[PDB]
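Below is one structure, written out as structure tokens, with a few remarks after it.
2 protein chains.
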Amino acid sequence: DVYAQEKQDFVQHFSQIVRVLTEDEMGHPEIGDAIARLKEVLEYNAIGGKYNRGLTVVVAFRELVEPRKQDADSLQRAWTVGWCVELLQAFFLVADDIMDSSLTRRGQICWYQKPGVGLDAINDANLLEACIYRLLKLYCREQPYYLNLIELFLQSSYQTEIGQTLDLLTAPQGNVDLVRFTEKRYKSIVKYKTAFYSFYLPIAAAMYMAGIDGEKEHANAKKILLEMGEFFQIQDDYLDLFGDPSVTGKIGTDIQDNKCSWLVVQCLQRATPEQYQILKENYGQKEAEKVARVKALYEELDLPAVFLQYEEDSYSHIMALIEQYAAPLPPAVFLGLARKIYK
Amino acid sequence: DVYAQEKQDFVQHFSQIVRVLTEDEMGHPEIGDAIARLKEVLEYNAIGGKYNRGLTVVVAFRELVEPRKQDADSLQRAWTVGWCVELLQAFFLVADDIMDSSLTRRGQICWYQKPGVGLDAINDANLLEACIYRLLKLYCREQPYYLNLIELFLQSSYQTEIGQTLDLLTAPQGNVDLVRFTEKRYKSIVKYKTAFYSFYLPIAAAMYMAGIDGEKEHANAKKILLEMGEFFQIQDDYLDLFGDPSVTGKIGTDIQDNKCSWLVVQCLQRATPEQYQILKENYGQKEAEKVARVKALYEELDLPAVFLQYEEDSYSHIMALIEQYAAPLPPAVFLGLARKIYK
Ligand SMILES: O=C(O)[C@H]1Cc2ccccc2N1C(=O)OCc1ccccc1
Ligand SMILES: O=C(O)[C@H]1Cc2ccccc2N1C(=O)OCc1ccccc1
Ligand SMILES: O=P(O)(O)C(O)(Cn1ccnc1)P(=O)(O)O
Ligand SMILES: O=P(O)(O)C(O)(Cn1ccnc1)P(=O)(O)O
Ligand SMILES: [Mg+2]
Ligand SMILES: [Mg+2]
Ligand SMILES: [Mg+2]
Ligand SMILES: [Mg+2]
Ligand SMILES: [Mg+2]
Ligand SMILES: [Mg+2]
């Protein structure tokens, strides 16, 4: 719950972020209209979520850095790096919503779907990315971990991008072929498209800021964090169809997009030649009726129950991993995360 | 002509680049399909142009760094940084072709227009960007200019992105309003969307590699380079409509896209209330007839001649700038560039 005691201070620092970024037109009036657009873009896409990823940088920071070294300037940099993680995600989600033909996100209409935005949202996403490195310099240029954060963020983007590539290759539009929906392919996708930036990135950022840059340390943290991410994308896939729309804040499109979802991979393993054929003739299509068909098949195979059983086993497994790789880091760093993503 | 004597060695180094980048799946077989896609993406979008921007990094490198310090490893890094500039452009052009609804580029069909690619090209562009920093590390991580190159490339992207924002704001789809097509707005757009990455970036990269990191030096080089860029985007705008399609390698879309072109800004200044009205009812529309109308108006105002007159004045002006700000750098560095973009 260390998050709630940090959330308010985090969400308020955003004003300073938007203020420091727009402080560019202060010397270049000519790009005023562009800066105004960036602000609109920041306020629409960076605001509105739970901010857990960015908060994880703050929280972990106060648990890693010794209290004496937590001055006002350190907490200032920590909030910024946390907003960088949020910007990195805004960058990916804006573009992801376009490539997934999504309709909503965080209860509102997807940025690109907004009248007047359209494909211009592609450049809007590029600017959100650029802002990550602009902030990293304005606030951490003099820090000893500067370069480390830059490489970590670029690394995390490359990995995510590699992961989005698998996501899109395995889900060719209007090209249904359940054969490629294997468990191995699935784990690879989620590992790269979600696990790295959603769990490793935040913790690793805090680690580097705390001077902890040991390869073995990061690899151990990564061992726990990537496994958490795997579970998270599984849940995201599950909620995509069985989630409460008034809670998820976004309409599902996995079945229509012909995505290699956890639900489809699970369905295939537990399906009779008859069912398999039913899934094949209704998957990856926009027809509401067909999508309702696939769902009925999922509920018939008790997937919603299979998911609840995995969440538990996953939880136990992740905890077992913490007991083995947490040290020398405070177990709470990982325990705080597990508490938030599990029930 | 120092370019021609370097071109072949440059275009051949690409194989090593594609080889070093794909050398990632060597330890991560799971992302094999993604690496294959990246290769396809690199080969389709990074190959096919004149490579002047990247060549400029090589050329300038051999003119800045003392012969004794031009070992095999230095020329290796120089070719890489040059390919990074080409990748940065591939990144922007892929996305630019989508946002401009372009049809061709370099004589071939635009990447996103290719069957099976579509909006997935958005992530393909993101990967091209990621590759810039992957190469910079694999080849220059130990160099003293490493961080400088990283910041220069990110800076150049941010500026370009700021510039693409002005380009898109000033050209709202289906929203014709010639009032915003002013000369000042125009200079701002071209300055950010083209001048920085097409002329400053290449020379600056070579400078940093040559140890020349003085602020005053860069600012002086920038004085010359940005002015060259301004001229170049003007020519690009001119060729967009009056260029030889079998030479430009791309179909024009400025008028249809309602772009704040140099030609439209020039037309507005030299137009009677009658003409102004004609331009207003035919600009920013897909109808071939209407676009043919605007063109006829342009030829009526002798714009193709006005352009030829500006190219000359621009040339003299740029040369005057070299006589003033070239030093301490070898004038040839800038003279080589001027020779290539002027007639
Ligand atoms: O916020 C998120 O999306 C995920 C990602 C994340 C990273 C670090 C710490 C917590 C969390 N999350 C989390 O706690 O999610 C909980 C959740 C998941 C789905 C619906 C509602 C809440
Ligand atoms: O290659 C380019 O597009 C431009 C950009 C550039 C940067 C550095 C040095 C030369 C050049 N160019 C150049 O020489 O262009 C010449 C040109 C322009 C238009 C059509 C054909 C050749
Ligand atoms: O299911 P996706 O992977 O597309 C998603 O989780 C976003 N995303 C993108 C990369 N990783 C995750 P979302 O359901 O939020 O649209
Ligand atoms: O005219 P644009 O600025 O769109 C262009 O020059 C590309 N570009 C993009 C940024 N700067 C230049 P192209 O005519 O090559 O499509
Ligand atoms: Mg999505
Ligand atoms: Mg997606
Ligand atoms: Mg999902
Ligand atoms: Mg264009
Ligand atoms: Mg453009
Ligand atoms: Mg053009």
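Respectively, the protein sequence lines represent chains A and B. In the UniProt record's numbering, each residue carries its 1-based index in the first sequence increased by 73. In the UniProt record's numbering, each residue carries its 1-based index in the second sequence increased by 73. Virtual Cβ for every residue (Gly too), placed ideally from N, Cα, C.
Whole-number beta carbon distance between residue 298 of chain A and residue 315 of chain A, since they are thought to touch under 8 Å: That belief does not hold up - the Cβ atoms of residue 315 of chain A and residue 298 of chain A are roughly 26 Å apart, past 8 Å.
Would you call residue 364 of chain A buried or exposed, if buried means 16 or more other Cβ atoms sit within 10 Å of its Cβ? Classification for residue 364 of chain A: buried.
Following a CB-centred definition, is residue 317 of chain A positioned closer than 6 Å to any heavy atom of ligand 7? Incorrect: residue 317 of chain A has no Cβ contact closer than 6 Å to ligand 7.
Nearest chain A C-beta to residue 331 of chain B closer than 7 Å, yes or no? Output row for residue 331 of chain B: interface = no.
The region 225-240 of chain A contacting the region 203-210 of chain B, beta-carbon criterion three pairs below 8 Å: Yes, they touch.
Cβ distance (whole Å) where residue 336 of chain A is taken to contact residue 381 of chain A below 8 Å: At roughly 13 Å, the Cβ-Cβ gap does not stay under 8 Å, so residue 336 of chain A and residue 381 of chain A are not in contact.
Helix, strand or coil for residue 81 of chain A, going by three-state DSSP, please let me know. Helix, per DSSP.
Out of A/241, A/103, A/142 and A/325, which one is the CA nearest neighbour of residue 180 of chain A? It is A/325.
Please identify the residue among B/104, B/92, B/114 and B/134 whose C-alpha is closest to the C-alpha of residue 284 of chain B. Looking at the Cα atoms, B/134 is the closest of the given residues.
Relative to ligand 3, is the shortest distance from any of its heavy atoms to the C-beta of residue 193 of chain A smaller than 6 Å? Outside the cutoff, so no.
Evaluate the contact criterion for the region 123-143 of chain B versus the region 261-271 of chain A: three or more CB pairs, one atom per stretch, below 8 Å. Segment contact: the region 123-143 of chain B against the region 261-271 of chain A, fewer than three CB-CB distances shorter than 8 Å; contact not assigned.
Does residue 302 of chain A pass the burial test, meaning 16 or more other C-beta atoms within 10 Å, or should it be called exposed? Buried, by the Cβ-count rule.
Please report how far the alpha carbon of residue 185 of chain B lies from the alpha carbon of residue 139 of chain B, in whole angstroms. One alpha carbon belongs to residue 185 of chain B, the other to residue 139 of chain B, and they sit about 43 Å apart.
Can you find a C-beta in chain A that's less than 7 Å from the C-beta of residue 400 of chain B? No, residue 400 of chain B lies away from the interface with chain A (no Cβ there is under 7 Å from its Cβ).
Within this structure, are the beta carbons of residue 208 of chain A and residue 153 of chain A separated by less than 7 Å? Yes.
Can you say whether residue 102 of chain A is buried or exposed, counting buried as having 16 or more other CB atoms within 10 angstroms of its CB? It is exposed - the Cβ of residue 102 of chain A has fewer than 16 other Cβ atoms within 10 Å.
Taking 6 Å as the cut-off, is the C-beta of residue 414 of chain A nearer than that to any heavy atom in ligand 1? For ligand 1, at least one heavy atom lies less than 6 Å from the Cβ of residue 414 of chain A.
Given 8 Å, three or more beta-carbon pairs between the region 218-227 of chain A and the region 306-320 of chain A: The region 218-227 of chain A, when compared against the region 306-320 of chain A, does not touch it at the 8 Å Cβ threshold.
Whole-Å CB distance - residue 172 of chain A paired with residue 192 of chain B, under 8 Å assumed: Indeed they touch by this definition, with Cβ atoms about 5 Å apart.
Euclidean distance between Cα positions of residue 104 of chain A and residue 257 of chain B: Those two C-alpha atoms are separated by around 11 Å.
Along the chain, where does the alpha helix (DSSP H) containing residue 409 of chain A start, and where does it finish? For residue 409 of chain A, the uninterrupted alpha helix (DSSP H) run begins and ends at 404-414, by DSSP.
Spell out whether any CB of chain B is found under 7 Å from the CB atom of residue 194 of chain A. So, not an interface residue.
Given residue 211 of chain B, which residues of its chain have a CB within under 7 Å of its CB, disregarding the five upstream and five downstream residues? For residue 211 of chain B, the CB contacts under 7 Å within the same chain, skipping 5 residues up- and downstream, are 93 in chain order.
For residue 214 of chain B, is the classification buried or exposed, using 16 other Cβ atoms within 10 angstroms of its Cβ as the cut-off for buried? With fewer than 16 other Cβ atoms inside 10 Å of its own Cβ, residue 214 of chain B counts as exposed.
Excluding sequence positions up to five away, which residues of its chain have a Cβ less than 7 Å from the Cβ of residue 99 of chain A? Leaving aside the five residues that flank residue 99 of chain A on each side, none in its chain has a CB nearer than 7 Å to its CB.
Do three or more CB pairs link the region 76-96 of chain B to the region 112-122 of chain B at distances below 8 Å? By the Cβ criterion, the region 76-96 of chain B is in contact with the region 112-122 of chain B, since at least three pairs of Cβ atoms, one from each stretch, lie closer than 8 Å.
Residue from A/312, A/146 and A/260 whose Cα sits closest to the Cα of residue 239 of chain A: Closest by alpha carbon: A/260.
Where in the region 142-196 of chain A do unbroken runs of the alpha helix (DSSP H), each at least 4 residues long, occur, reported from the N-terminal end onward? If you keep only unbroken alpha helix (DSSP H) runs of at least 4 residues inside the region 142-196 of chain A, you get 145-172.
Could you check whether the Cβ of residue 206 of chain B sits closer than 7 Å to any Cβ belonging to chain A? Judged by the 7 Å Cβ criterion, residue 206 of chain B is in contact with chain A.
Under the assumption that residue 127 of chain B contacts residue 165 of chain B (Cβ atoms under 8 Å), give the Cβ distance between them as a whole number of angstroms. The C-beta separation of residue 127 of chain B from residue 165 of chain B comes to about 14 Å, leaving the pair out of contact by the 8 Å criterion.
Taking only heavy atoms of ligand 9 into account, decide whether any of them is closer than 6 Å to the Cβ of residue 310 of chain B. Outside the cutoff, so no.
For residue 340 of chain B, which residues of its own chain have a beta-carbon under 7 Å away from its beta-carbon, when the five flanking residues on both sides are left out? 352, 370, 371, 374 and 376, listed in sequence order.
Is the separation between the beta-carbon of residue 169 of chain A and that of residue 178 of chain A shorter than 7 Å? Contact: no.
I'd like to confirm something about residue 177 of chain B: is its beta-carbon nearer than 6 Å to some heavy atom of ligand 4, or not? Not one heavy atom of ligand 4 falls within 6 Å of the beta-carbon of residue 177 of chain B.
Closer than 8 Å at the beta carbon, the chain A residues around residue 210 of chain B: Neighbours of residue 210 of chain B across chain A, judged by C-beta separation under 8 Å: 224.
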